Each structure stands twice: as structure tokens, then as C-alpha cells.
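Summary of the model geometry
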Protein chains: 2
Amino acid sequence: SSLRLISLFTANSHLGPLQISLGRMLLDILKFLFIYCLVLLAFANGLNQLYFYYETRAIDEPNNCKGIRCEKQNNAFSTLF
Amino acid sequence: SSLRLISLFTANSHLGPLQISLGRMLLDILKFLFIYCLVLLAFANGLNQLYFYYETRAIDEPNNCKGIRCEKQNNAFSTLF
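Residues numbered from 1 in each chain as written, not as in the entry; some residues may be left out. Chains lettered and ligands numbered in written order. Part of a larger assembly, values for the part shown. Heavy atoms only, no water.

Structure determination for this PDB entry was carried out by cryo-EM, with a resolution of 3.23 Å recorded in the header.

Turning our eyes to something else, we now look at the overall build of chain A. Scanning chain A for helices and strands turns up two helices and zero strands. Compactness check: chain A gives a C-alpha radius of gyration of 23 Å against a globular reference of 12 Å for 81 residues, more than 25% above the reference. With respect to the principal axes defined by its C-alpha atoms, chain A has extents near 65 × 30 × 20 Å. The proportion of buried residues among the 81 residues of chain A is 6%. Pairs at least 24 apart in sequence give 27% of the contacts found in chain A among residues at least 6 apart. Total accessible area computed for chain A in this model is approximately 8300 Å², and 66% of it derives from carbon and sulfur atoms. Computed over 7 positive and 5 negative side-chain charges, the separation of the two mean positions in chain A equals 13 Å. (Helix = DSSP H or I, 4+ residues; strand = E, 2+ residues; numbered from the N terminus. Rg over C-alpha atoms; globule rule 2.2 N^0.38 Å. Buried < 20%, exposed > 50% of the residue type's maximum accessible area, 1.4 Å probe, protein only. Contact = heavy atoms within 4.5 Å. Areas by Shrake-Rupley, 256 points an atom, 1.4 Å probe, with all protein chains shown as cover. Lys, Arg positive; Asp, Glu negative; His and termini not counted. Charge placed at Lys NZ, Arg CZ, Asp CG, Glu CD.)

Residue and element names in this part refer to chain B. If you walk through the whole model with that rule in mind, you get two disulfides over all chains. One disulfide in the model links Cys65 with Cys70; its S-S distance is 2.0 Å. On the S-S bond that ties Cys65 to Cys70, the torsion sits near -90 degrees, and the link is left-handed. (Disulfide = S-S within 2.5 Å.)

All right, on to the pattern of salt bridges then. All names here are of chain A. In the structure shown here, the tally under the stated rule is three salt bridges over all chains. Its salt-bridge partner being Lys66, residue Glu55 comes within 3.8 Å of it at the nearest N-O pair. Here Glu55 is found in the segment after α2 (29–51), whereas its partner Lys66 is found in the segment after α2, with eleven residues between them in sequence. Note on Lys66: relative accessible area 44%, which makes it partly exposed. Among the salt bridges present, the one from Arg57 reaches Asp60, with a minimum N-O distance of 3.3 Å. Overall, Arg57 belongs to the exposed group, its relative accessible area being 54%. (Salt bridge = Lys/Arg side-chain N within 4 Å of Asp/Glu carboxyl O.)

As C-alpha cells, this is what we get:
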């Protein structure tokens, strides 16, 4: 609801021609996004297939924290998610 | 081999009558040894029977130390030994 004040820039002479030039840049990231998506799901598979034998539990870890976003990161290549 | 210099105390007049009085004290600890052994064998069983469900391993424990004599003692009532 707060990002809708950008449709008012067309009524000014300085900020007007800037939105039109920004509209074209967003037609260049699509193809690189496609290629990057393929390169990422390709690699997301081998690493998961190699490390899924050493998955521990939470109660056997310090402070009962499992995964990244803890203070000491652990169990980063266990599942596919 | 070094505790055999106590068999020479009988040739002196000060240390002589001390070995003979010490020889009698060692005939009082036997009965209390009997009672204490029964009282210890009695209690050594319930505590082992109550705690033998939560026995962890040694890779889950910090610094790979299991049992008493570590810096942080753990697994004290797991087995009978």
C-alpha cells in the first residue's frame, strides 16, 4: 500500500522521463534469470545427494537450535529445502 | 618394595609399643566393612534400574569424553560398573 506513490511521477518534468527509462531495464533480467535458475537447480542436487547420511537431531546440538540462522551454523546440506 | 621398612620398628623402644597397638585396630573395621558392603550393594541397583533408558554416545558429547573424570561429568548412572 505504500509503494503506489510511483504512479504519480508522470505529472512532473524532472522525474517523468526517468520512469520510462527504468521500464526498459526490467526486460533484460528475464533471460539471465532463466539461465541462473537452471544453473542453480543443477547444483542443488549433488550436494544434497552427498551429505544426507550425517543428519543429526536438535536435542543433541547446543542450545537446541537446528539449521542456519543459529549462532553456530549446522545442518546446511541435509534436505532439499 | 618400599613399605617393608615397618618390620624394623620392633628393635626400638619408642616405636616398638606403637606397632602392637596399631595391630589391634585393624580387627575393628572388618564388621563395619561387612555392613557397608551390604548397604552399598543394596543401593547400587535401583539407581541403575531407573536411569538406563537415557544412555547417549560419545560423539554427541563435547570434546568426545564419556563418563566421570571429564571436565563436565556425564553418564554417571548408566551401567553397573
